[PDB]
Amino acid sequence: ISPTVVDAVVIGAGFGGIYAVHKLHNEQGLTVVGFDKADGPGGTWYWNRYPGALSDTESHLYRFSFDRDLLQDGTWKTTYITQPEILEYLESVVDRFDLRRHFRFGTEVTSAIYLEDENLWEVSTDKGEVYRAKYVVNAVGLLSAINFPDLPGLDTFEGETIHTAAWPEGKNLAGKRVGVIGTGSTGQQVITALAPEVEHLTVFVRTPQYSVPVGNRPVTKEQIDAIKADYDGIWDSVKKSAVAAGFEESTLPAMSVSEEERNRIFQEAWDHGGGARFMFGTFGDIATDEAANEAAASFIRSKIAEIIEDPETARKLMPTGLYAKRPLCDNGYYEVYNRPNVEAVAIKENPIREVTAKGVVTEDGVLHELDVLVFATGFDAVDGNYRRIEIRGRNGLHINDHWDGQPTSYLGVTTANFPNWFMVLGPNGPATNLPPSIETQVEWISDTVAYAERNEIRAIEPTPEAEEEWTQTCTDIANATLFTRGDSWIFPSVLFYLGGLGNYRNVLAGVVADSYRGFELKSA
């Protein structure tokens, strides 16, 4: 059968995909079809329904900003929002802009083959059908594939095995014996939510992490209205900031003030709450200066030692090393360990021997009775959802052979040898990866497509020299941080632009004004 021919294909129905379909169809009038493996929209907020799921950014900012009427209709109950609220918000956006009919849900894109003679992309699905399109927009997230630790004799357990990425909604664990492995952001959130309802909780710790409070407080009607009356100024300042989190970012060097004043600013941020506020709203050299970083790390350690009453229990949860990741927060995570029904096992000192029929025995002889075992282990990286599908550009070159070593890009949204092919939150993009960052990229992509249609452009792609130049820029910015030292969230090659959202917006604007510097344009 002959494929369906459309202007644009969109892959993924999260924040990015929803916005791209709305810009491409409703604004520019282009024919558009979108896909997602999920049975509905939501993206990461469709898949992740574990108890405790929470926004890392505050409620009034964890949403779209492009529509002024939609912002004035928003509502929320606490300073942060849960997964059910975010899912309902994205579902209502889909209905408000009549986007649902443009999507094929429950469908996977299995291949994308560029045909140079026709200057069209051939897209085929796991369910049989075939499309051809002029532009492909990839909003495929960072899901990659779930991680599962193969513990000896796993399929002996007569209980339930649950991974946080596949939580069966409505599952009731009140009154059960539960184990959790994993103490990342997801583990901390699940541990906090389960502990007041379960009969017993056993946390298998491998590497404790730094975490600050979140400060999720109730909100009144008058506060929501105050935010709504200054919405334009609020978004204008967020879009010029570096981390786009709602606070003023400090330029004050940490070791330049007295120890009393340093302790006061740390404590004021800690009482407020916020991972980003603590790392970037207190001083300006926590990520760049050794002594500044140590000061913040040991302040968090002293907070953990005050909270946890048992000193032997505090020791197992005491983090060490550079305070240098994407800043975690929590809603009473440390206090959980003072409950008498919560036990912590340090896997490095007391490793798991192998799991029995109804529990896990460890190497000192103790078997912990468990009804269910929760796996809060992670996934992989950004390139995971790109490398698992057949993507072939000019001369049929595979995306794996093109990114033979490390995922590269030009300005985070394109790559050489792959014309009319764009990435939302791809490699070499900004580390800040929230809605306002998504809006920036989807808006650049939509404008570039409009520019091509108006000026009769048949194919745009970046030059290899422009791509290499962008890689140099991301590595130079990265090598001024402490992150590089040792190995941070990286591939030996950098993986993110760390200049902040405002500097990233200035780069994108300059490229367009300079007549799309870096891109070859094939006319006619």
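Numbers for residues come from their place in the sequence shown, where the first is 1.
Q: Please say, as none, 1 to 3, 4 to 9, or 10 or more, how many residues of the deposited sequence are without coordinates in the interval between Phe491 and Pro492.
A: Count of unmodelled residues in between: 4 to 9.
Q: Mean CA B-factor: is it higher for 407-415 or for 172-180?
A: It is 172-180 that shows the higher mean C-alpha B-factor.
Q: Per the entry, where is the mean C-alpha temperature factor higher: 417-425 or 382-390?
A: Comparing 417-425 with 382-390, the higher average CA B-factor belongs to 382-390.
Q: Say you rank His402, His102, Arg96, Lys240 by Cα B-factor from the PDB entry; which sits at the top?
A: Comparing C-alpha B-factors across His402, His102, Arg96, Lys240, the top value belongs to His402.
Q: Have a look at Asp285, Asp364, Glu85, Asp230 and flag the one whose Cα has the highest B-factor in the entry.
A: Result of the comparison over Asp285, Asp364, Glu85, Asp230: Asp364.
Q: Would you mind ranking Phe483 by its C-alpha B-factor against the rest of the chain and naming the third, lowest, middle or highest?
A: Tercile = highest for this residue's CA B-factor.
Q: How does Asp271 rank on Cα B-factor within its chain, lowest, middle or highest third?
A: Lowest third - that is where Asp271 ends up once the chain's C-alpha B-factors are sorted.
Q: What third of the chain, by the recorded C-alpha B-factor, contains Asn455?
A: Tercile = middle for this residue's CA B-factor.
Q: Which third, lowest, middle or highest, does the CA B-factor of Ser59 fall in along this chain?
A: Its C-alpha B-factor, which the entry lists for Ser59, ranks in the lowest third among residues of this chain.
Q: According to the PDB entry, is the CA B factor of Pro464 in the bottom, middle or top third of its chain, that is, lowest, middle or highest?
A: Highest third, going by the recorded CA B-factors of the chain.
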